[PDB]
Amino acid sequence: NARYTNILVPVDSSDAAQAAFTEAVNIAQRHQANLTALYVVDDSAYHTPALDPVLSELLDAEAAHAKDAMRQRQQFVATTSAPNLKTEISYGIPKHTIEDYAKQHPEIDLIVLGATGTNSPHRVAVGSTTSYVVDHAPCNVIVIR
């Protein structure tokens, strides 16, 4: 019977992304699929070179919070029958970085995304990351709400 083999679940810090992760674990268990959770630290903030260290302080703190969240997720997955969890934090423009991750790891056959994220839940029904990735992903994409 036909199955997903390699799932990607991009997550920001939002409850909607965490609900997408939870469903991605459920999908991974059902299909006995590999699972990768990816947080992108957005590094595109305008700055002159003089402000490099202030930007690093901000992003490295964001990265550390994201790593603490991934550690809790690894513990959670160990209580399920999903076979594994790889966790990854990378820096870049989130939507581009998600697209490139999928395209440059072509074994990935599903992306699981929250409908919304940290910025726009009381303004749109679907955020611009989700919309972009739906558009540009080389594989199936499921939007969780």
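For every residue, the number given is its place in the sequence shown, counted from 1.
- The question of which stretch, 134-142 or 1-9, has the higher mean Cα B factor is settled in favour of 1-9.
- 45-53 and 79-87 differ in mean CA B-factor, and the higher of the two is recorded for 45-53.
- Highest C-alpha temperature factor among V40, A37, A61, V112 per the entry: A61.
- In this PDB entry, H65 carries a Cα temperature factor that places it within the highest third of its chain's modelled residues.
- In this PDB entry, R30 carries a Cα temperature factor that places it within the highest third of its chain's modelled residues.
- Per the deposited record, the Cα B-factor of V126 falls in the middle third when ranked against the other modelled residues of its chain.
- In this PDB entry, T97 carries a Cα temperature factor that places it within the lowest third of its chain's modelled residues.
- The PDB entry assigns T118 a C-alpha temperature factor belonging to the middle third of its chain's modelled residues.
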